[PDB]
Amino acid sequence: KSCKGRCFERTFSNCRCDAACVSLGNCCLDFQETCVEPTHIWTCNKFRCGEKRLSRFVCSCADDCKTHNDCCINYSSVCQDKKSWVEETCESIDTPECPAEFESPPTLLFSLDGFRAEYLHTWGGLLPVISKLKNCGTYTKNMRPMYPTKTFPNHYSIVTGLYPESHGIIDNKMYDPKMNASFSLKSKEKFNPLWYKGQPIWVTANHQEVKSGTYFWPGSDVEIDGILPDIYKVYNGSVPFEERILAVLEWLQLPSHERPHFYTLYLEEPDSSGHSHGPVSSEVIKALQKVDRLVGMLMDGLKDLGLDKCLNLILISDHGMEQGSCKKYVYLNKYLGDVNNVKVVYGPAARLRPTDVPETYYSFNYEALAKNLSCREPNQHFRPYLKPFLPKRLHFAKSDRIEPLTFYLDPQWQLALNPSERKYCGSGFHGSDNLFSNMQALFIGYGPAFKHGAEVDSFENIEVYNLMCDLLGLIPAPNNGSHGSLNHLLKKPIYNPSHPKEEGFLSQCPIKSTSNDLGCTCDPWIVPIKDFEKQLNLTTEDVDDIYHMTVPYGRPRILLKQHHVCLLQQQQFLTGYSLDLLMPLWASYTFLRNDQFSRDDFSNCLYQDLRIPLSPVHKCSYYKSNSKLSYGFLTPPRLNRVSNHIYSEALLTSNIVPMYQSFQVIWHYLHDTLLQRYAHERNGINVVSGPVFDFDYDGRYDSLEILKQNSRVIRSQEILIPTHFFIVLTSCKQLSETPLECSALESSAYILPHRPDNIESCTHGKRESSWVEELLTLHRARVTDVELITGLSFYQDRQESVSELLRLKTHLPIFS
């Protein structure tokens, strides 16, 4: 006989089933796989179907296991001869297998709050359902959230495609000076439409006659354009997760004239366990597994309705999670004392404003305060920023809702006004720089639209608005996502993106102007040979040769609406010169690995470009011992190896720009030591440098109206000082190819703030190698970020498709 139904029970029969049988040799021959191996295996087998229920077992195959919800993975397959969704081998859904009632597969946006990308990297092997969606769907190791990395801003960005600065919800707590009211999830203000700007996707769907069923989502229980989703629930976090899923499974079974084509679904885990117990806790592993089973519940649900090959699922997260520490909490009362005149939004992305509402608010002198708090301590883990001086990549300035004074915290650090304001400091948190690795987010696309088993590089969550529009078949509202940049996630792209066209025609700068005295004493070192003037008759039509050497990927295209531009060709660079501003908009050149460039001194030597109008600010006299500002070169002076003298063309008046002395430190180091290194390390490097004007800090190139207003007079001469300086490095992926012959491109891009001091960098004690390189890295940006803020368009002549180039251009590296 067997031990079935007799495990550790009785002895009378010829063979025993109790622990005494091993010493005696009395064991029934299945005692091991009937009563012992179930004590520490989690998987059913032929011996266990219809077993006696025992507590000792990890996992049950007893018939009564369905009621208690403790069956094994394979209780369905082994003991009931049919499988769960998770168990079925991967299959390629090239065309959607739908029921006859369904005219096309709907999309479901399933959000797991605080599911940091890393959870799946590390704990993937404890999460077979989500792992199957990943392996059978389209995955990315990181999806970049928006700053601040909080729940409301990001959830609303996903469904709008907008930056928080634009869509209105900049944090779960915020105050508006023009409404004179505060926003809070716990408040009634939550349901006031005036907060939620932009167009959410369900409103987009409504305007184009597509139904929507949102179980939970930020915004969906609000009349945004006087429009709610067709089905929707007012937020109540107490509603068990299973109800949430059953309810959407039921909405899917509704008749077609009642049935949504778009769905959302939202769970508060693993976020909740993330705060209470931290991201490396037992409680999070439990929350993770809990949520994996609920994603499984849904998949079986869809499998039971014959929809599991007829649904486009985006499984997604708002932000990641990080471990807090009472040892990594900054309190301002230390530098300020206990003060009553300021409110601080505590956290890693802390913001500050004065108490008076809103009379004191604008004229409070935040500059003074910000300076007070700057560089107080040796390795300060917080840095005060007036919001237009935050990094442009964060896109966190253009809103009254955002306070004038913000704080940037180092990873793991948080700020409050004092110990009483903050939450408990030992908790998990989020909100930090959206490029920190632990703030990265989850994205898996699975369905008949998404490629199977495709892994892709990180993209920002604002790109998803357009994707869901393409999936639902909707014309997207204007957003900050580059339409078509995610085509590589899809089997068959709906949208084919185009390069933007140049607005106008270009003007001619011919060599006309007569030489004036610029008032420069040039060294004997410099080589302005009489013949130099000939060089000015070089044109771009000097096909490739020098033209290709300067702009091998195509020349930047001017998108500025009406803006008079010359293309000035030189031997080793090409300048795009604005006649409107009498200033170069960009210079483009290629530093080959073997190229040298001289550290001879070129103080006070300028060469009047005869092709352009002579401004009083092109003259050396203007800067001669000028304490207020100086000038800089968009292309460094480089050496002619055969003569061993410098290319004078770099000293042309069309190659200079206004530049604070302090910034020159950054600009010098970048060119003197760094650009040489990158050239060496990448087998050559291609540069496009240029000034930037974003005085309204809206992240986009300034109107000519706005430029007028921000011109200033310095030596009784009108001059316009760049808000930032941009640079776009480009080289081949294959180190065997120089930038003039890349098969595929590698792109870095920066938008360096142009500030008249360097307090941002707290230089005292440091070395330039340390602090300048740190500053570049902090102000790293997307190529697209440059494009938006300058009105230029790169890489247009490249053989690659536009959607390919849109990936290259929207990319940004993750920190750590």
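Start at 1 and count along the sequence shown; that's the residue number.
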{"property": "Stretch exceeding the other in mean C-alpha B-factor - 2-10, 807-815", "result": "2-10"}
{"property": "Mean C-alpha B-factor comparison - 447-455 and 67-75, higher one", "result": "67-75"}
{"property": "Selection from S187, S166, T730, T723 [criterion: highest C-alpha temperature factor in the record]", "result": "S187"}
{"property": "Criterion, highest CA B-factor; candidates, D94, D271, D694, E746", "result": "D94"}
{"property": "Ranked C-alpha temperature factor of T204 among modelled chain residues, by third", "result": "middle"}
{"property": "Cα B factor band for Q799 (lowest, middle or highest third within the chain)", "result": "middle"}
{"property": "Chain-wide C-alpha B factor ranking for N434, given as lowest, middle or highest third", "result": "lowest"}
{"property": "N758 CA temperature factor, ranked by third within the chain", "result": "lowest"}
{"property": "Record-listed C-alpha B factor of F505: chain third", "result": "highest"}
